[PDB]
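The structure under discussion appears below in the form of structure tokens.
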Amino acid sequence: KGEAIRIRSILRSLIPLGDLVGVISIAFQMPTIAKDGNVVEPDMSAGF
Amino acid sequence: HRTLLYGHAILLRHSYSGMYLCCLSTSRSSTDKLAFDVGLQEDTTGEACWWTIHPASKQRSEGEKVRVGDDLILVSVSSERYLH
């Protein structure tokens, strides 16, 4: 379908594959156990 | 001898070179990113060489004749982009 090919080309040109690969490669912040035997947890709503 | 009507797809041929206006796949990449370049190519195959006329202002409508003094906007068939 010409329309489908056109839309796919538009999206491919808009978003490069390398940008997606890099964003996926971006790492997270693991929860960490600390002294007193309790975990400190990064906030869901304030981070990646 | 078709007469041009707002809505047709036209074939603009260069008088000197004999080649046809088209939206080239390659782009100069001067931060346009989502845009192409307009040039000339020999082959009429494909929808790159074809351009659709659209009215400029509200007075002109789709399906009426093209006048000499009227303004128009050309849309590439392949790249759905305007001459800019």
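By convention here, the chains of the structure tokens are called A, B, ... in the order presented, each chain's residues are numbered starting at 1, and ligands are numbered starting at 1 in the order presented.
All of the residues in chain A within 8 Å of chain B are residues 6, 10, 13 and 14 of chain A, where only C-alpha atoms were counted.
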Item to complete: Pick out the residues sitting within 9 Å of segment 56-66 of chain B, and hand them over as number ranges by chain; count only C-alpha atoms, and ignore anything fewer than 4 positions along from it in its own chain.
Response: B: 3-8, 70-73
Worksheet item: Could you state the separation of atom CA of residue 84 of chain B and atom CA of residue 4 of chain A in Å, given to one decimal place?
Response: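 According to the coordinates, atom CA of residue 84 of chain B and atom CA of residue 4 of chain A are separated by 24.5 Å.
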Practice prompt. Could you jot down the atom CA of residue 2 of chain B to atom CA of residue 81 of chain B separation for me, Å, one decimal place?
Written response: 24.6 Å
Practice prompt. Considering only C-alpha atoms, return as a ChimeraX atom specification whatever protein or nucleic-acid residues lie within 9 Å of segment 25-39 of chain A, sequence-local ones (same chain, fewer than 5 positions apart) excluded.
Written response: /A:20,47-48
Those same residues, written as a compact mmCIF listing (two decimals), in the first residue's frame with N, CA and C atoms?
```txt
# COMPACT_ATOMS: atom_id res chain seq x y z
N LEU A 20 16.41 5.60 19.32
CA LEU A 20 15.68 4.58 20.07
C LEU A 20 16.64 3.62 20.76
N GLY A 47 11.45 10.27 38.22
CA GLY A 47 12.62 9.75 37.55
C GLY A 47 12.26 8.93 36.34
N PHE A 48 13.29 8.36 35.72
CA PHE A 48 13.11 7.51 34.55
C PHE A 48 12.38 6.22 34.94
```
